[PDB]
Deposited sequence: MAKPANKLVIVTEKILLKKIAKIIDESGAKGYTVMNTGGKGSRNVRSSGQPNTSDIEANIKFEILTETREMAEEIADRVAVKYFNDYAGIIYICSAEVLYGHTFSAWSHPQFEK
């Protein structure tokens, strides 16, 4: 097993490509994304990204870049969970 951070970003669907680019530019080795619905504080259609990162710093870089650039104008939440990677490429 390898300890890891799992970064979750739930945000508006229109940001899909812009957030993917941020994720890639961070050095993250991959991400999972899915359509979801929800309600918060622009059911509404949303997207959820899950990104298992190398380090906490990598997760924080993604989170900061997304939130700073987009969260004043777009709905979203960002949170992190602990995960242990068992198998991967």
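Residues of the deposited sequence lacking C-alpha coordinates fall in the stretches 1, 43-45, 47-55, 103-114, numbered from 1.
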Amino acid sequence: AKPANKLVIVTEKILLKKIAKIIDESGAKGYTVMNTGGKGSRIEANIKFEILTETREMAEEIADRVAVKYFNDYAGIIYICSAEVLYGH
From here on, numbers count along this sequence of modelled residues.
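For residue 26, the record comparison shows coordinates present in all the other entries of this protein that model its neighbours, with no third of them leaving it out.
Of the other entries compared for this protein that flank it with modelled residues, all give atoms for residue 46, so not even a third lack it. Of the two stretches examined, 43-51 and 59-67, the record assigns the greater average C-alpha temperature factor to 43-51.
In the deposited entry, the Cα temperature factor of residue 83 sits in the middle third of values across the chain's modelled residues. Residue-level temperature factors show residue 77 in the lowest third of its chain, judged at the C-alpha atom.
In this PDB entry, the Cα temperature factor of residue 19 sits in the middle third of its chain's modelled residues.
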